[PDB]
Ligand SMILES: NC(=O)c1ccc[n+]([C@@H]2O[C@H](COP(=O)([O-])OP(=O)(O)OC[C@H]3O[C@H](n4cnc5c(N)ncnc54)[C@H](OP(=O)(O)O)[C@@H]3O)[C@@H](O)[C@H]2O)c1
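Let's start with one chain on its own, the form solved without this ligand, as structure tokens.
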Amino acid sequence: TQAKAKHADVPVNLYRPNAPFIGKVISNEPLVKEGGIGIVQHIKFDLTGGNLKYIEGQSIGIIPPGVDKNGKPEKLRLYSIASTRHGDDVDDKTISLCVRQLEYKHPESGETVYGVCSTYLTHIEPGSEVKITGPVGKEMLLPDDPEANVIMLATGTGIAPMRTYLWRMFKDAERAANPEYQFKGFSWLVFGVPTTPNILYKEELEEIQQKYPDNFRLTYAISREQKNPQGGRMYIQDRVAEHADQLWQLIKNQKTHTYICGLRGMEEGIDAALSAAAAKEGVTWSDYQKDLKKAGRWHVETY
């Protein structure tokens, strides 16, 4: 557990469930604006007093307090790290998460059911101690290649690892802190949310787009405000279909990396769109994609 640093460049499992790192909540800020749907909080934790180090694209576990319905201790839940390795204040002292409160239906006994860890995290007060494990994950890592093209397909909290890439790529303080990574490639974020007030980190994403118009393109798929051509609500798969030929042309570049993150269910529609585009040039997308995965250029993390 605490002895867990005898390997690689990528930090993994510095802390494990049997002896987690006890961090303190610094802040818990709301990301969904009035008129939006649900509760998504940006939570920042203090890492001082421990040796938790991490990089962009990784996740950490949070062990919530309490026991389940069988009286057994609650197990950890994984959350994509929402901050760069340097933390939101670029001081190498914190870590942030983007947590949506899970809440649902009646055909699952009772009435409104609240997710255990997500409700715990979203209502947590500053100063509270939290059990943190990790980091974990080697599937959503960003290439060190500054000339890479990075396609990001995200829905909801799937924006979390995207925020770590984008901040590392475009924030002034990040560029001053990472001399070795001066991004000059092209990044395209297609972000699906139900409403405008639900666009997590809207002000900052749009700020990046304004400062870097040739290096970053921002595309939204807002279901309660936009309709696709078939008359249905606009989802991320619809924007992908809309730009399938373009996305396929970018994917053909040897330097292109594609990242997919969010709730499970988005993948099938994205593949269908890219398959139709790939087919025009006599390529079977399912086969091409396996090669991309093997080459480490197709990154997916859905849950």
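Quick note: we count residues from 1 along the sequence shown, nothing fancier.
Below, we refer to the form deposited with this ligand bound, which is not included among the displayed structures.
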field: Listed range touching this ligand, judged in the entry with it bound by heavy atoms within 4.5 Å, from 175-183, 83-91, 97-105, 207-215
entry: 97-105
query: Here the chain is shown alone; which of 55, 39, 52, 278 has a heavy atom within 4.5 Å of this ligand in the entry with it bound?
result: 39
- prompt: Given that this ligand is left out here, which of 133, 187, 164, 155 has a heavy atom within 4.5 Å of it in the entry with it bound?
  reply: 155
query: Would this ligand be touched by all three of 32, 200 and 233 in the entry with it bound, meaning a heavy atom each within 4.5 Å?
result: yes
- prompt: Can residue 149 be called a contact residue for this ligand in the entry with it bound at 4.5 Å between heavy atoms?
  reply: no
message: Taking any heavy atom pair closer than or equal to 4.5 Å as contact, tell me whether residue 138 reaches this ligand in the entry with it bound.
response: no
message: Taking this ligand as it sits in the entry with it bound, is residue 193 in contact with it (heavy atom to heavy atom, 4.5 Å or less)?
response: yes
query: Taking this ligand in the entry with it bound, which residues of 215-238 have any heavy atom within 4.5 Å of it?
result: 223, 224, 233, 235, 237
